[PDB]
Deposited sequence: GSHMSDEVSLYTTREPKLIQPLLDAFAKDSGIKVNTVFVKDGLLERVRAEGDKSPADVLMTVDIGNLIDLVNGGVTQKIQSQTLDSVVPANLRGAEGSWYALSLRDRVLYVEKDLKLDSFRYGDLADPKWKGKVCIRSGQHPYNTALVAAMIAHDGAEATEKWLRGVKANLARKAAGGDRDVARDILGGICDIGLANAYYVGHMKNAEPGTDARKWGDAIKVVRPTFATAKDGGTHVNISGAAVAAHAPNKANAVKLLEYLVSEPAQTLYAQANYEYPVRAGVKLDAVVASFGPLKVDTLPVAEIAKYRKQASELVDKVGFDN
């Protein structure tokens, strides 16, 4: 019969792979796009909510669904054996589907082969760093992971040193980092790797490709692995088609689905041995932080408050 996917990810990132699942399985997939307030919509629909699988971005949003009571635990050897333990919740409460690594954009010819996140605070980078608002979720997640690894005192000192090094105010978006490296305003900056997948895959004759051509990616590590946030999913608490919900979620970590899933937004697949987009592969080997990503949610509010303490966006 059917399965209903409630997703905050644009249906066009996933429709082809959902259509393949439906064709092959004979299960009709109902795609329900929920731009924001997913927790609130599912809770309000109550015990008879049609939702089977909940899909969103950011570990914090996923944990909010779990803590908000709109998921259920599942047991699946398929999911547990595919998704690394640090990227899934205990007792099958939530599961990562792709990785969103926060990396260093670097002027294409700068002599810089490797980096630790801490290096961004080195005094020698003064006037040479671009970044978006410190309060943006991409940044608060990185700060939260830094507290988890290195503690609040070290994290505050890093924030103050990075602030001091900014070439311009912490504002704009991640792609603006590439724009401003091209423009000579900065030499390096922190921004997510998938945007470089977008820019470098853009056709020549676009500003996007000009920005992509100006930079290379260096993936920093904790001084160690690279910081990742995730997209992910969970089975809804009152799923009316529970068996099909588990079938769909297991499909979403299958090799064919993962190949398409990650390529769609140039993200990194969670499943090992999946063919990467050529640009993404060019970034070189990814070492993923062993930190449980749930730690990012644990330290998120502390991180945001530290960013505000230091006046990072001033």
| query | finding |
| --- | --- |
| Deposited-sequence stretches lacking C-alpha coordinates, listed in sequence order | 1-5, 229-232 |
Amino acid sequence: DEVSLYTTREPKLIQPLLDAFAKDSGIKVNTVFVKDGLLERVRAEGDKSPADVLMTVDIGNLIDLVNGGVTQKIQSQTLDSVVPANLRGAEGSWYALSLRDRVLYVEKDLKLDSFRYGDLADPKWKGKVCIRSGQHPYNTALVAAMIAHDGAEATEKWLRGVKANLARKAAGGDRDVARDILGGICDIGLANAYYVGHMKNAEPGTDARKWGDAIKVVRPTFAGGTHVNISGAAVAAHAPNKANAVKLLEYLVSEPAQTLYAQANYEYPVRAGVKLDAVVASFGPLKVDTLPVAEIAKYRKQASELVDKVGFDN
From here on, numbers count along this sequence of modelled residues.
| item | value |
| --- | --- |
| Segment of higher mean CA temperature factor, 208-216 or 108-116 | 108-116 |
| Average Cα temperature factor in the PDB entry - higher stretch of 285-293, 250-258 | 285-293 |
| Out of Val274, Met55, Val29, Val280, highest CA B-factor residue | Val29 |
| From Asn165, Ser98, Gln75, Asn192, residue of greatest CA B-factor | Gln75 |
| Ranked against its chain, the third holding the CA B-factor of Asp174 | lowest |
| Chain thirds of CA B-factor: placement of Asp180 | lowest |
| CA B-factor ranking of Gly89, expressed as a third of its chain | highest |
| B-factor third for the C-alpha atom of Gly161 within its chain | lowest |
| CA B-factor placement of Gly134, once the chain's modelled residues are sorted into thirds | lowest |
